[PDB]
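Asks: Below you'll find the structure I mean.
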Amino acid sequence: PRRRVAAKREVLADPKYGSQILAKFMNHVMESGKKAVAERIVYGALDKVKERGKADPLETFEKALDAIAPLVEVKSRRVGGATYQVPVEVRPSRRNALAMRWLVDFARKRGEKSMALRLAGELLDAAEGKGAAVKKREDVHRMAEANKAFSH
Amino acid sequence: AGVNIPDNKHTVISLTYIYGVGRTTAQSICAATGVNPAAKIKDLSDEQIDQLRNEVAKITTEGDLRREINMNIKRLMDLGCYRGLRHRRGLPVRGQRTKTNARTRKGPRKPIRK
Amino acid sequence: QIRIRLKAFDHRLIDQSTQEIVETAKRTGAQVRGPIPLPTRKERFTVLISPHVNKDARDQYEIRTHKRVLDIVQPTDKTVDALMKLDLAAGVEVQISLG
Amino acid sequence: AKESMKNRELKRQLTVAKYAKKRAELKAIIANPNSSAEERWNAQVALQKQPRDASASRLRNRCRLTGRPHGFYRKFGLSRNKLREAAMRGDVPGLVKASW
Amino acid sequence: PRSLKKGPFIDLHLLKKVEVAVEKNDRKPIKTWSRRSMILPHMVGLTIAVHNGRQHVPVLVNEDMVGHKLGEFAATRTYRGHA
Amino acid sequence: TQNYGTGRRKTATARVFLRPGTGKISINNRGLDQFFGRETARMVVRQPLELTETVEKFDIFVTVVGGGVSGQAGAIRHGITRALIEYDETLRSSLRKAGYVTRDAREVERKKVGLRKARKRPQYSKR
RNA sequence: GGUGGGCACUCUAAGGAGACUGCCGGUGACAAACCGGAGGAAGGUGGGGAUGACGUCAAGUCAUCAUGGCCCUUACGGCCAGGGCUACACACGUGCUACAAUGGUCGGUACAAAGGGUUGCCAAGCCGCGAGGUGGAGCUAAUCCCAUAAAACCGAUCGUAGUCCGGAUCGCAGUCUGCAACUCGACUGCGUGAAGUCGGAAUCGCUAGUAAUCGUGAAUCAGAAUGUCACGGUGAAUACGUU
Ligand SMILES: [Mg+2]
Ligand SMILES: [Mg+2]
Ligand SMILES: [Mg+2]
Ligand SMILES: [Mg+2]
Ligand SMILES: [Mg+2]
Ligand SMILES: [Mg+2]
Ligand SMILES: [Mg+2]
Ligand SMILES: [Mg+2]
Ligand SMILES: [Mg+2]
Ligand SMILES: [Mg+2]
Ligand SMILES: [Mg+2]
Ligand SMILES: [Mg+2]
Ligand SMILES: [Mg+2]
Ligand SMILES: [Mg+2]
Ligand SMILES: [Mg+2]
């Protein structure tokens, strides 16, 4: 806004993992106020993650999150005849939000049985750089570095 | 087996494919002759498909149902009542809107001229 | 033993009536179980203000009814009836029970 | 709000109040659990013999000041745009503008 | 449909006319306005001219149109077609 | 003995009593698990107990009424914090930094005339 | 809480206290003010509502009412019965229900606010799969009735199919109100089961208890709400900035 008066809220209460980031992830997967359904979905996905193998499910979670947050972002700007696209570094807070939004949106459209299974598959595949989200990140990165001329 | 009935499905839902039995009718059928509704038809010995036949032959099925429905519709059509006239022209007969919104009895929009 | 129910459309005069009944009862030597404010009834209306088509232009009104309860213990003098012209004066509906 | 409209609604109210009880027992006879079919038929024909414009369902209450069929409030007797006039002057006891 | 507490609904004057019209058999139509009246089983084979809003249409009553009402055989709107 | 707190949250209220005990917990005369079934309501109702690390020492008797399950849990937390404050009134800071003593004033915004919801509007076609 | 009883508590409803840049640091023309901090339930007009300046659009209303002038007075006045305002090759505006697996069915269970009822609400018992019918208790109501909140949680099943999705349409049989449900009512049972696989150019709402979603009540009212006006439950994402 113009006034620059927005103040950020503090509601962050991970119940049984005590991990600050998973509460925000569950807020992202929540639809229409149904906290419990999203709660169950995320916990089921993490159970699948912990039973596929020996990796700590939470640790796999932040490893995927690190391997999916973009470093630079492209911003459009019309210069009087053409709309160019400058690169700019992404703020530390925006990285995780973009990562979660992309991860959830791409897990939405996979096509397995239940949403928890979709999320688990996305976390397993993106934990090494093979998911749709990771290639979207690569597309954004190459698009940003192909416009390095403006940058500043 | 059935009369071209679907298989690999629960008995009640499978029965509902008969054109004359719905959900509640199928429940009554399965309740009258002791059979588990949660049982697939492919797992039933014929010793009970036979009594399913006997029970289902009690009501109506396919050809005769259509026969009597068309009898009733033709009666309405030939009498000349308001219901019959409205039913001849393919227009809603319970008294719904026809200024707009009556495309379930007219299909596509059919624009003026071409 | 007698119980009094008091009803009014505003709080000032119902408070005045409760105060005067209570003080008369205290003077006449009787005992009073404290006044009880029953929950008020609020009925609301939403009325169009234009003579013709302006739907979003409405105006809202309300009527509140205030209710109080008194009751007395150990009565020997009955002049609360004797104030029939004064315990209720202008706009107070008074109901007497166990007369 | 023609004067004829008010006159004929007054006529309807008078004539509906005129009988106001024969209809009651006639309905009781028709809807009685055990009353025999013949009593049912006699009650039906007697009740249909009564004038048509004598039933409470034909009464459309109007503003007692202007006779406006619409915007009627039964708590008061007034229509939509006489109630506001009365309430602004403070005539109506208890009515105030509220926000909550 | 009307409840089964009172089987039919028939107007007094129309019922009286129908019951008169059986002493001498069907010869002339009965002119009426009561579209609300249901046809009785024992007035079959007689012709009734029911109001339409502009004139009276004649209807010859047969056994198959018993449970209906007179107004069901008099359309009050024309609609000869947009094209 | 004992201590009494009054908590309030989202049209819900809670009366809480703290006595010496062994963490029995009873809400409306039934167990905590039977009341809040598998959610973070247990976490929110217990938070001040472990933050003050007195979960095991207090016996709690609660009567809650009004609102929904989350609002009731917030009421229990508020009442527990107030009673804990009045018991050993030196740790007001400890709860204050956690924001438990503060009472949340958010309420359901009323419907407005001409609008669908408190803030939503019809679609506004301009032609 | 059923009783004796209690005036502790919640609650109800009258009167008060409280929040004032009040105190501290820094900037500032040692001004107005601004950025932070402590205390506090609340901090910077705390949240919301009512409140609409001079005038604008010869804006809307002569059909709510009132009214200048004009017009009809065997009709442009009044009474009645049927019909119409519900038409239907089409086009547009505002909504509702869905296209499903964060879901559909069956069973087990928990928690609201607000409001209406004596030309009224209408219980318990009994009779019907059901809408409902008989019955008459209680209440001129913080007392009795409307009146079971739903989503949420637990268990079982369905396993991606135009389907245990979706419910339109039509056939048969009923209930209720009403003098009277044909034109043209609302509901109930049985059967049928359409379009619909997330929607072109384009376009709208929303900044916190908000959007999203779930249910409840009232006015009008014999009967007739997916509309209107109110009430709670669960409960987000985002704002670097003014190119
Ligand atoms: Mg006049
Ligand atoms: Mg009416
Ligand atoms: Mg509110
Ligand atoms: Mg548009
Ligand atoms: Mg502070
Ligand atoms: Mg501060
Ligand atoms: Mg002001
Ligand atoms: Mg204004
Ligand atoms: Mg003009
Ligand atoms: Mg005009
Ligand atoms: Mg007429
Ligand atoms: Mg119209
Ligand atoms: Mg279904
Ligand atoms: Mg704003
Ligand atoms: Mg709401």
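Order determines the names: the first chain of the structure tokens is A, the second B, and so forth; residues in each chain are numbered 1 upward, and ligands are numbered 1 upward as they are shown.
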Considering only C-alpha atoms (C1' of nucleotides), extract the chain G residues located within 8 Å of chain A and return them as a ChimeraX atom specification.
Replies: /G:101-102,152,159-160,212-213,234-237,239,241-243
Asks: If you count only C-alpha atoms (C1' of nucleotides) and all ligand atoms, which residues end up within 12 Å of ligand 11, as a PDB file with C-alpha atoms (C1' of nucleotides), in the first residue's frame?
Replies:
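Final output, part23.pdb:
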ATOM      1  CA  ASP D  53     -66.019 -12.929  -0.761  1.00  0.00           C
TER       2      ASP D  53
ATOM      3  CA  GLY E  53     -61.366 -16.178 -21.570  1.00  0.00           C
TER       4      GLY E  53
ATOM      5  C1'   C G  79     -69.871  -3.891  -9.225  1.00  0.00           C
ATOM      6  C1'   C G  80     -69.120  -9.228 -10.790  1.00  0.00           C
ATOM      7  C1'   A G  81     -67.237 -14.099 -13.115  1.00  0.00           C
ATOM      8  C1'   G G  82     -63.448 -16.284 -16.169  1.00  0.00           C
ATOM      9  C1'   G G  83     -58.329 -15.153 -18.198  1.00  0.00           C
ATOM     10  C1'   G G  84     -53.604 -12.393 -18.040  1.00  0.00           C
TER      11        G G  84
END
Asks: List the spatial neighbours of range 24-39 of chain G as a count of residues only - criterion: any atom at most 12 Å away, only C-alpha atoms (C1' of nucleotides), same-chain residues fewer than 6 positions off excluded.
Replies: 3
Asks: When the cut-off is 10 Å and you count only C-alpha atoms (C1' of nucleotides) and all ligand atoms, which residues lie near ligand 4, shown as JSON, numbers by chain?
Replies: {"F": [123, 124, 125, 126, 127], "G": [92, 93, 202, 203, 204]}
Asks: For the selection you just gave me, I'd like the residues written to a file as a PDB file, in the first residue's frame, keeping N, CA and C atoms (P, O5', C5', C4', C3', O3' and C1' of nucleotides).
Replies:
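Written output follows (result_19.pdb):
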ATOM      1  N   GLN F 123     -21.518  -8.257  -8.004  1.00  0.00           N
ATOM      2  CA  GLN F 123     -20.449  -8.377  -8.990  1.00  0.00           C
ATOM      3  C   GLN F 123     -20.087  -7.069  -9.688  1.00  0.00           C
ATOM      4  N   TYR F 124     -21.013  -6.120  -9.817  1.00  0.00           N
ATOM      5  CA  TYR F 124     -20.742  -4.841 -10.481  1.00  0.00           C
ATOM      6  C   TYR F 124     -20.352  -5.021 -11.954  1.00  0.00           C
ATOM      7  N   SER F 125     -21.344  -5.389 -12.756  1.00  0.00           N
ATOM      8  CA  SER F 125     -21.245  -5.170 -14.194  1.00  0.00           C
ATOM      9  C   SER F 125     -21.538  -3.704 -14.507  1.00  0.00           C
ATOM     10  N   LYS F 126     -20.719  -3.098 -15.366  1.00  0.00           N
ATOM     11  CA  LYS F 126     -20.850  -1.681 -15.689  1.00  0.00           C
ATOM     12  C   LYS F 126     -21.618  -1.422 -16.976  1.00  0.00           C
ATOM     13  N   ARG F 127     -22.167  -2.453 -17.606  1.00  0.00           N
ATOM     14  CA  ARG F 127     -22.841  -2.289 -18.888  1.00  0.00           C
ATOM     15  C   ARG F 127     -24.054  -3.199 -19.018  1.00  0.00           C
TER      16      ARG F 127
ATOM     17  P     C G  92     -25.959 -13.458 -24.502  1.00  0.00           P
ATOM     18  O5'   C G  92     -26.152 -12.339 -23.392  1.00  0.00           O
ATOM     19  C5'   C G  92     -25.511 -11.080 -23.512  1.00  0.00           C
ATOM     20  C4'   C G  92     -26.186 -10.021 -22.677  1.00  0.00           C
ATOM     21  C3'   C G  92     -26.070 -10.168 -21.172  1.00  0.00           C
ATOM     22  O3'   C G  92     -24.817  -9.767 -20.652  1.00  0.00           O
ATOM     23  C1'   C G  92     -28.297  -9.684 -21.718  1.00  0.00           C
ATOM     24  P     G G  93     -24.190 -10.545 -19.396  1.00  0.00           P
ATOM     25  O5'   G G  93     -24.951  -9.938 -18.139  1.00  0.00           O
ATOM     26  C5'   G G  93     -24.789  -8.577 -17.773  1.00  0.00           C
ATOM     27  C4'   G G  93     -25.698  -8.197 -16.632  1.00  0.00           C
ATOM     28  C3'   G G  93     -25.521  -8.973 -15.339  1.00  0.00           C
ATOM     29  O3'   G G  93     -24.425  -8.531 -14.562  1.00  0.00           O
ATOM     30  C1'   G G  93     -27.810  -8.831 -15.851  1.00  0.00           C
ATOM     31  P     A G 202      -8.454 -10.471 -23.846  1.00  0.00           P
ATOM     32  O5'   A G 202      -9.667  -9.982 -22.939  1.00  0.00           O
ATOM     33  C5'   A G 202     -10.395  -8.809 -23.266  1.00  0.00           C
ATOM     34  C4'   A G 202     -11.797  -8.849 -22.714  1.00  0.00           C
ATOM     35  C3'   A G 202     -11.966  -8.466 -21.254  1.00  0.00           C
ATOM     36  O3'   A G 202     -11.959  -7.068 -21.032  1.00  0.00           O
ATOM     37  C1'   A G 202     -13.170 -10.439 -21.676  1.00  0.00           C
ATOM     38  P     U G 203     -11.269  -6.461 -19.715  1.00  0.00           P
ATOM     39  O5'   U G 203     -12.236  -6.906 -18.532  1.00  0.00           O
ATOM     40  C5'   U G 203     -13.546  -6.373 -18.413  1.00  0.00           C
ATOM     41  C4'   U G 203     -14.386  -7.170 -17.447  1.00  0.00           C
ATOM     42  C3'   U G 203     -13.999  -7.078 -15.979  1.00  0.00           C
ATOM     43  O3'   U G 203     -14.496  -5.913 -15.345  1.00  0.00           O
ATOM     44  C1'   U G 203     -14.325  -9.338 -16.560  1.00  0.00           C
ATOM     45  P     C G 204     -13.739  -5.286 -14.073  1.00  0.00           P
ATOM     46  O5'   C G 204     -14.351  -6.067 -12.830  1.00  0.00           O
ATOM     47  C5'   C G 204     -15.726  -5.949 -12.507  1.00  0.00           C
ATOM     48  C4'   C G 204     -16.129  -6.895 -11.404  1.00  0.00           C
ATOM     49  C3'   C G 204     -15.488  -6.676 -10.046  1.00  0.00           C
ATOM     50  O3'   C G 204     -16.103  -5.626  -9.322  1.00  0.00           O
ATOM     51  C1'   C G 204     -15.509  -8.987 -10.567  1.00  0.00           C
TER      52        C G 204
END
Asks: Name each residue within 12 Å of ligand 12, counting only C-alpha atoms (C1' of nucleotides) and all ligand atoms, as an MDAnalysis selection string.
Replies: (chainID B and resid 97 99) or (chainID G and resid 84:86)
Asks: Please produce a file of the residues just selected, as a PDB file, in the first residue's frame, where the atoms kept are C-alpha atoms (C1' of nucleotides).
Replies:
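File part.pdb, as written:
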ATOM      1  CA  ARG B  97     -40.117 -20.994 -17.125  1.00  0.00           C
ATOM      2  CA  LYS B  99     -39.040 -17.156 -21.336  1.00  0.00           C
TER       3      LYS B  99
ATOM      4  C1'   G G  84     -53.604 -12.393 -18.040  1.00  0.00           C
ATOM      5  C1'   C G  85     -49.280 -10.253 -15.242  1.00  0.00           C
ATOM      6  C1'   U G  86     -46.216 -17.383 -15.347  1.00  0.00           C
TER       7        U G  86
END
Asks: Any idea what the distance is between CA of residue 36 in chain D and CA of residue 49 in chain D?
Replies: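 One can read the CA of residue 36 in chain D to CA of residue 49 in chain D distance as 20.4 Å.
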Asks: If we count only C-alpha atoms (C1' of nucleotides) and set the cut-off at 8 Å, which residues sit around range 146-148 of chain A, ignoring sequence neighbours fewer than 4 positions away in its own chain? Please answer as a list in words.
Replies: residues 85, 86, 87 and 142 of chain A
Asks: Please find the residues of chain E near chain G - the criterion being any atom within 10 Å, counting only C-alpha atoms (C1' of nucleotides) - and write them as a count of residues only.
Replies: 35
Asks: Using only C-alpha atoms, which chain C residues lie at most 9 Å away from chain F, written as number ranges by chain?
Replies: C: 55-58
Asks: Using N, CA, C and O atoms, can you write the selected residues to a file as a short mmCIF file (atom, residue, chain, number, x, y, z; two decimals), in the first residue's frame?
Replies:
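The result, written out as part.cif:
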data_model
loop_
_atom_site.label_atom_id
_atom_site.label_comp_id
_atom_site.auth_asym_id
_atom_site.auth_seq_id
_atom_site.Cartn_x
_atom_site.Cartn_y
_atom_site.Cartn_z
N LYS C 55 -32.84 0.48 -3.68
CA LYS C 55 -32.92 -0.66 -2.77
C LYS C 55 -31.86 -0.60 -1.68
O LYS C 55 -32.14 -0.93 -0.53
N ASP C 56 -30.64 -0.19 -2.02
CA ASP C 56 -29.57 -0.18 -1.04
C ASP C 56 -29.71 0.94 -0.02
O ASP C 56 -28.97 0.94 0.97
N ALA C 57 -30.62 1.87 -0.25
CA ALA C 57 -30.85 2.99 0.67
C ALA C 57 -31.94 2.58 1.64
O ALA C 57 -33.13 2.74 1.38
N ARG C 58 -31.53 2.04 2.78
CA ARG C 58 -32.42 1.58 3.83
C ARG C 58 -32.17 2.39 5.09
O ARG C 58 -31.27 3.23 5.15
#
Asks: At a cut-off of 8 Å, using only C-alpha atoms (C1' of nucleotides), what residues contact range 42-48 of chain A? Leave out same-chain residues fewer than 5 positions from it and give the result as an MDAnalysis selection string.
Replies: chainID A and resid 26 57:58 116:117 119:120
Asks: Do you know which residues are within 9 Å of ligand 1 using only C-alpha atoms (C1' of nucleotides) and all ligand atoms? Can you write them as a list in words?
Replies: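 The residues near ligand 1 are residues 1, 2, 3 and 66 of chain D; 65 of chain G.
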Asks: Can you tell me which residues come within 10 Å of ligand 13 when counting only C-alpha atoms (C1' of nucleotides) and all ligand atoms, ideally as a list in words?
Replies: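 Checked against 10 Å with only C-alpha atoms (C1' of nucleotides) and all ligand atoms; the hits are residues 104, 105, 164, 165, 166 and 167 of chain G.
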Asks: Could the residues of chain G that have an atom at most 10 Å from chain F be listed as CSV, each with its closest atom pair and the distance in Å to one decimal, counting only C-alpha atoms (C1' of nucleotides) and ordered by chain and ascending residue number?
Replies:
residue,atom,partner,partner_atom,distance
G:9,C1',F:15,CA,7.6
G:10,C1',F:15,CA,7.3
G:40,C1',F:102,CA,9.2
G:41,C1',F:103,CA,5.9
G:42,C1',F:105,CA,8.5
G:46,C1',F:105,CA,9.4
G:47,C1',F:106,CA,7.7
G:48,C1',F:109,CA,7.0
G:49,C1',F:112,CA,9.2
G:92,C1',F:127,CA,9.6
G:93,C1',F:125,CA,7.7
G:94,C1',F:123,CA,8.0
G:95,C1',F:122,CA,9.8
G:110,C1',F:35,CA,7.2
G:111,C1',F:68,CA,5.1
G:112,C1',F:67,CA,5.0
G:113,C1',F:67,CA,8.0
G:152,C1',F:69,CA,9.2
G:153,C1',F:37,CA,6.4
G:154,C1',F:37,CA,9.2
G:203,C1',F:125,CA,8.4
G:204,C1',F:123,CA,5.2
G:205,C1',F:120,CA,5.9
G:206,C1',F:120,CA,6.6
G:208,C1',F:106,CA,8.6
G:209,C1',F:106,CA,5.5
G:210,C1',F:119,CA,7.6
G:211,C1',F:120,CA,8.3
G:228,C1',F:114,CA,9.3
G:229,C1',F:113,CA,7.8
G:230,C1',F:111,CA,7.2
G:231,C1',F:110,CA,8.8
G:232,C1',F:67,CA,8.1
G:233,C1',F:68,CA,5.9
G:234,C1',F:68,CA,8.4
Asks: Return as a count of residues only the residues of protein, DNA or RNA that approach ligand 8 to within 9 Å, with only C-alpha atoms (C1' of nucleotides) and all ligand atoms taken into account.
Replies: 4
Asks: Set the cut-off to 8 Å and count only C-alpha atoms (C1' of nucleotides): what are the residues of chain C that reach chain G? Output as a PDB file with C-alpha atoms, in the first residue's frame.
Replies:
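Listing of selection-v2.pdb after writing:
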ATOM      1  CA  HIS C  11     -34.536   2.543  31.604  1.00  0.00           C
ATOM      2  CA  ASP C  15     -35.307   2.604  37.460  1.00  0.00           C
ATOM      3  CA  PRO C  37     -32.994  -7.216  35.685  1.00  0.00           C
ATOM      4  CA  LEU C  38     -34.438  -9.650  33.194  1.00  0.00           C
ATOM      5  CA  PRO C  39     -32.821  -9.613  29.740  1.00  0.00           C
ATOM      6  CA  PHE C  45     -36.801  -3.254  11.562  1.00  0.00           C
ATOM      7  CA  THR C  46     -35.212  -2.320   8.234  1.00  0.00           C
ATOM      8  CA  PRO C  51     -40.615   6.445  -2.456  1.00  0.00           C
ATOM      9  CA  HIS C  52     -39.373   4.504  -5.484  1.00  0.00           C
ATOM     10  CA  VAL C  53     -36.479   2.371  -6.667  1.00  0.00           C
TER      11      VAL C  53
END
Asks: Taking only C-alpha atoms (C1' of nucleotides) and all ligand atoms into account, report as number ranges by chain which residues have an atom no farther than 8 Å from an atom of ligand 2.
Replies: D: 57-60; G: 221-222
Asks: Report as a PDB file with N, CA, C and O atoms, in the first residue's frame: the residues of chain C with a DSSP assignment of alpha helix (DSSP H), based on the backbone of this structure.
Replies:
ATOM      1  N   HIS C  11     -35.128   2.959  30.340  1.00  0.00           N
ATOM      2  CA  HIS C  11     -34.536   2.543  31.604  1.00  0.00           C
ATOM      3  C   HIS C  11     -34.664   3.577  32.713  1.00  0.00           C
ATOM      4  O   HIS C  11     -34.698   3.199  33.890  1.00  0.00           O
ATOM      5  N   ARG C  12     -34.743   4.867  32.383  1.00  0.00           N
ATOM      6  CA  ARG C  12     -34.750   5.891  33.425  1.00  0.00           C
ATOM      7  C   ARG C  12     -35.972   5.758  34.324  1.00  0.00           C
ATOM      8  O   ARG C  12     -35.855   5.672  35.554  1.00  0.00           O
ATOM      9  N   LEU C  13     -37.160   5.722  33.726  1.00  0.00           N
ATOM     10  CA  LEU C  13     -38.376   5.700  34.526  1.00  0.00           C
ATOM     11  C   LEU C  13     -38.623   4.339  35.163  1.00  0.00           C
ATOM     12  O   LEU C  13     -39.198   4.269  36.255  1.00  0.00           O
ATOM     13  N   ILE C  14     -38.174   3.252  34.534  1.00  0.00           N
ATOM     14  CA  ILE C  14     -38.295   1.960  35.201  1.00  0.00           C
ATOM     15  C   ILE C  14     -37.376   1.911  36.414  1.00  0.00           C
ATOM     16  O   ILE C  14     -37.740   1.368  37.465  1.00  0.00           O
ATOM     17  N   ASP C  15     -36.188   2.510  36.305  1.00  0.00           N
ATOM     18  CA  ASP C  15     -35.307   2.604  37.460  1.00  0.00           C
ATOM     19  C   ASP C  15     -35.938   3.445  38.559  1.00  0.00           C
ATOM     20  O   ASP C  15     -35.864   3.094  39.741  1.00  0.00           O
ATOM     21  N   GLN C  16     -36.575   4.558  38.185  1.00  0.00           N
ATOM     22  CA  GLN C  16     -37.245   5.393  39.179  1.00  0.00           C
ATOM     23  C   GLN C  16     -38.344   4.621  39.900  1.00  0.00           C
ATOM     24  O   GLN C  16     -38.469   4.701  41.130  1.00  0.00           O
ATOM     25  N   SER C  17     -39.155   3.875  39.148  1.00  0.00           N
ATOM     26  CA  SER C  17     -40.237   3.112  39.758  1.00  0.00           C
ATOM     27  C   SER C  17     -39.700   2.029  40.686  1.00  0.00           C
ATOM     28  O   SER C  17     -40.231   1.823  41.785  1.00  0.00           O
ATOM     29  N   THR C  18     -38.650   1.320  40.261  1.00  0.00           N
ATOM     30  CA  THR C  18     -38.056   0.317  41.140  1.00  0.00           C
ATOM     31  C   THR C  18     -37.537   0.953  42.418  1.00  0.00           C
ATOM     32  O   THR C  18     -37.761   0.428  43.517  1.00  0.00           O
ATOM     33  N   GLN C  19     -36.856   2.093  42.297  1.00  0.00           N
ATOM     34  CA  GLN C  19     -36.325   2.764  43.479  1.00  0.00           C
ATOM     35  C   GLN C  19     -37.438   3.159  44.435  1.00  0.00           C
ATOM     36  O   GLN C  19     -37.323   2.954  45.648  1.00  0.00           O
ATOM     37  N   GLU C  20     -38.529   3.722  43.911  1.00  0.00           N
ATOM     38  CA  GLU C  20     -39.588   4.178  44.805  1.00  0.00           C
ATOM     39  C   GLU C  20     -40.316   3.004  45.454  1.00  0.00           C
ATOM     40  O   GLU C  20     -40.627   3.055  46.651  1.00  0.00           O
ATOM     41  N   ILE C  21     -40.570   1.926  44.707  1.00  0.00           N
ATOM     42  CA  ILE C  21     -41.197   0.755  45.321  1.00  0.00           C
ATOM     43  C   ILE C  21     -40.302   0.197  46.420  1.00  0.00           C
ATOM     44  O   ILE C  21     -40.763  -0.116  47.526  1.00  0.00           O
ATOM     45  N   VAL C  22     -39.001   0.086  46.140  1.00  0.00           N
ATOM     46  CA  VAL C  22     -38.080  -0.474  47.121  1.00  0.00           C
ATOM     47  C   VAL C  22     -38.022   0.398  48.367  1.00  0.00           C
ATOM     48  O   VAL C  22     -38.028  -0.110  49.493  1.00  0.00           O
ATOM     49  N   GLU C  23     -37.956   1.721  48.196  1.00  0.00           N
ATOM     50  CA  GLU C  23     -37.819   2.582  49.366  1.00  0.00           C
ATOM     51  C   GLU C  23     -39.104   2.611  50.188  1.00  0.00           C
ATOM     52  O   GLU C  23     -39.050   2.655  51.423  1.00  0.00           O
ATOM     53  N   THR C  24     -40.271   2.565  49.533  1.00  0.00           N
ATOM     54  CA  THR C  24     -41.513   2.428  50.290  1.00  0.00           C
ATOM     55  C   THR C  24     -41.537   1.120  51.068  1.00  0.00           C
ATOM     56  O   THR C  24     -41.973   1.084  52.225  1.00  0.00           O
ATOM     57  N   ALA C  25     -41.076   0.033  50.449  1.00  0.00           N
ATOM     58  CA  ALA C  25     -41.062  -1.250  51.142  1.00  0.00           C
ATOM     59  C   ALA C  25     -40.104  -1.236  52.327  1.00  0.00           C
ATOM     60  O   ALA C  25     -40.392  -1.827  53.373  1.00  0.00           O
ATOM     61  N   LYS C  26     -38.950  -0.585  52.174  1.00  0.00           N
ATOM     62  CA  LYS C  26     -38.017  -0.469  53.291  1.00  0.00           C
ATOM     63  C   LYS C  26     -38.606   0.368  54.417  1.00  0.00           C
ATOM     64  O   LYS C  26     -38.442   0.035  55.596  1.00  0.00           O
ATOM     65  N   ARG C  27     -39.287   1.464  54.075  1.00  0.00           N
ATOM     66  CA  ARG C  27     -39.909   2.295  55.099  1.00  0.00           C
ATOM     67  C   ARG C  27     -41.011   1.542  55.836  1.00  0.00           C
ATOM     68  O   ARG C  27     -41.101   1.616  57.066  1.00  0.00           O
TER      69      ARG C  27
END
Asks: With only C-alpha atoms (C1' of nucleotides) counted and 10 Å as the cut-off, give the residues of chain D in contact with chain G, each with its shortest interatomic distance in Å and the pair that gives it, as a Markdown table.
Replies:
| residue | atom | partner | partner_atom | distance |
| --- | --- | --- | --- | --- |
| D:1 | CA | G:64 | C1' | 8.4 |
| D:4 | CA | G:78 | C1' | 8.0 |
| D:33 | CA | G:134 | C1' | 7.8 |
| D:44 | CA | G:179 | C1' | 9.2 |
| D:45 | CA | G:179 | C1' | 10.0 |
| D:47 | CA | G:179 | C1' | 7.4 |
| D:48 | CA | G:179 | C1' | 5.5 |
| D:49 | CA | G:179 | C1' | 8.7 |
| D:50 | CA | G:179 | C1' | 8.2 |
| D:51 | CA | G:179 | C1' | 8.4 |
| D:52 | CA | G:179 | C1' | 6.0 |
| D:53 | CA | G:179 | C1' | 9.0 |
| D:54 | CA | G:179 | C1' | 9.0 |
| D:55 | CA | G:179 | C1' | 7.8 |
| D:56 | CA | G:222 | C1' | 7.9 |
| D:57 | CA | G:222 | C1' | 5.7 |
| D:58 | CA | G:222 | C1' | 9.3 |
| D:63 | CA | G:64 | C1' | 9.6 |
| D:65 | CA | G:65 | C1' | 9.4 |
| D:66 | CA | G:64 | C1' | 7.2 |
| D:67 | CA | G:64 | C1' | 8.7 |
| D:68 | CA | G:64 | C1' | 6.5 |
| D:69 | CA | G:64 | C1' | 9.7 |
| D:70 | CA | G:220 | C1' | 8.8 |
| D:71 | CA | G:220 | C1' | 7.7 |
| D:72 | CA | G:220 | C1' | 7.6 |
| D:73 | CA | G:220 | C1' | 8.0 |
| D:74 | CA | G:220 | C1' | 9.4 |
| D:79 | CA | G:64 | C1' | 8.3 |
| D:80 | CA | G:64 | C1' | 8.2 |
| D:81 | CA | G:64 | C1' | 6.6 |
| D:82 | CA | G:64 | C1' | 8.1 |
| D:97 | CA | G:50 | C1' | 7.8 |
| D:98 | CA | G:50 | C1' | 7.2 |
| D:99 | CA | G:49 | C1' | 5.2 |
| D:100 | CA | G:49 | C1' | 6.5 |
Asks: Produce a table with one row for each residue of chain F that has an atom at most 10 Å from any atom of chain A, each row naming the nearest atom pair and its distance in Å at one decimal; use only C-alpha atoms; arrange rows by chain and rising residue number; format as JSON lines.
Replies:
{"residue": "F:38", "atom": "CA", "partner": "A:36", "partner_atom": "CA", "distance": 9.4}
{"residue": "F:39", "atom": "CA", "partner": "A:36", "partner_atom": "CA", "distance": 7.6}
{"residue": "F:40", "atom": "CA", "partner": "A:15", "partner_atom": "CA", "distance": 5.5}
{"residue": "F:41", "atom": "CA", "partner": "A:15", "partner_atom": "CA", "distance": 9.0}
{"residue": "F:42", "atom": "CA", "partner": "A:15", "partner_atom": "CA", "distance": 8.8}
{"residue": "F:43", "atom": "CA", "partner": "A:15", "partner_atom": "CA", "distance": 6.3}
{"residue": "F:44", "atom": "CA", "partner": "A:13", "partner_atom": "CA", "distance": 8.5}
Asks: Next, the residues of the selection above should be written as a compact mmCIF listing (two decimals), in the first residue's frame with C-alpha atoms.
Replies:
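Written file, again_38.txt:
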# COMPACT_ATOMS: atom_id res chain seq x y z
CA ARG F 38 -6.79 -35.41 18.28
CA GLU F 39 -5.98 -31.81 17.49
CA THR F 40 -3.83 -28.93 18.72
CA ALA F 41 -6.49 -28.02 21.30
CA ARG F 42 -4.60 -30.16 23.80
CA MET F 43 -1.45 -28.22 22.94
CA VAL F 44 -3.11 -24.83 23.36
